[PDB]
Amino acid sequence: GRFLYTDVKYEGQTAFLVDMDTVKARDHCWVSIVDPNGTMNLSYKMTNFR
Amino acid sequence: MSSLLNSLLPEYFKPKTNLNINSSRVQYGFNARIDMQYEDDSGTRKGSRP
Amino acid sequence: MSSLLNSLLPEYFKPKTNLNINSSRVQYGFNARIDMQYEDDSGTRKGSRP
């Protein structure tokens, strides 16, 4: 459940046009928001490995 | 070299003796708990993936 | 002996005057909250019975 930059599948330089209207909601916790505004800060902690 | 390859396993995991493999495919992973905290110009939101 | 048998009831419970019993069977108990924490050789897991 992570994103690597190699998923773009293009070595070299480019600019991306992100579709902000068609943002689907697959898995939603209470944290999950659709409309970001300004400077986005996300602080997560991982505990209880099994 | 047992002592070398035994060190690579994570500190929390200690596997048992036998393993009855009955297929040509095995998934291996862990069940972690994520405690996310979001902050932007609109406001704050706190969640938790159990 | 009121003062003797009154002492047996738990400190949190203080019952009211009247009780309209309308059957030959009465369940009595409490609704508690349990916060369990598990640890073994495989790893750790944390839950909560609300």
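Residues numbered from 1 in each chain as written, not as in the entry; some residues may be left out. Chains lettered and ligands numbered in written order. Part of a larger assembly, values for the part shown. Heavy atoms only, no water. Residues with missing side-chain atoms left out of burial classes, pairs and counts.

In the PDB archive, cryo-EM is given as the structure determination method for this entry, at a resolution of 10 Å.

Student: Kindly report on the overall build of chain B, identifying the contributing residues and their values.
Tutor: When its secondary structure is counted, chain B shows one helix and three strands. The N-to-C order of helical and strand elements in chain B reads α-β-β-β. Compactness check: chain B gives a C-alpha radius of gyration of 19 Å against a globular reference of 10 Å for 50 residues, more than 25% above the reference. Summarising its shape, the C-alpha atoms of chain B cover approximately 55 × 30 × 15 Å along the three principal directions. (Helix = DSSP H or I, 4+ residues; strand = E, 2+ residues; numbered from the N terminus. Rg over C-alpha atoms; globule rule 2.2 N^0.38 Å.)

Student: Explain the overall build of chain A residue by residue, including any values.
Tutor: Helix and strand content of chain A: zero helices and two strands. Dimensions along the principal axes, computed over C-alpha positions, put chain A at roughly 40 × 30 × 25 Å.

Student: Residues and numbers for the interface of chain B and chain A, please.
Tutor: In this assembly, 15 residues from chain B lie in contact with 15 residues from chain A. Broken down by secondary-structure element, the contributors of at least two residues to the side of chain B that touches chain A are β1 (33-34) and β2 (37-39) of chain B. No other element matches the three residues that β2 of chain B contributes to the side of chain B that touches chain A. Residues that form the side of chain B that touches chain A fall into these classes: five nonpolar, four polar and six charged. (Contact = heavy atoms within 4.5 Å. Nonpolar A, V, L, I, M, F, W, Y, C, P; charged D, E, K, R; others polar.)

Student: Any details on the sheet that holds strand β1 (residues 41-43) of chain A? Residues and values, ideally.
Tutor: Ordered in space as β1(A)-β2(B)-β3(B), the three strands form an open sheet in which the pairing is antiparallel. One side of each edge strand has no neighbouring strand; the edge strands of this open sheet are β1 of chain A together with β3 (44-46) of chain B. Taken pair by pair, the neighbouring strands of this sheet meet at an average axis angle of 10°, ignoring direction. Direction of pairing for β2 of chain B relative to β3 of chain B: antiparallel, over a ladder of three bridges. Opposite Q37 of chain B, over in β3 of chain B, you have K46 of chain B as the bridge partner. (Pairing = 2+ DSSP bridges. Axes fitted to C-alpha atoms, helices over the stretch in contact; angles between N-to-C directions.)

Student: Can you break down unusual backbone geometry residue by residue, with the values?
Tutor: Backbone geometry places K9 of chain A, a non-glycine residue, at a positive phi of 65°. Relative to the elements of secondary structure, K9 of chain A occurs in the segment before β1.

Student: Give a description of the environment of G43 of chain C that names residues and reports values.
Tutor: Within the secondary structure, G43 of chain C is located in the loop between β1 (37-39) and β2 (44-46). Along the chain, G43 of chain C and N20 of chain C lie 23 residues apart, while their C-alpha atoms are 52 Å from each other. If near-sequence neighbours (up to four positions away) are discounted, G43 of chain C is found in contact with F49 and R50 of chain A together with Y12 of chain B.

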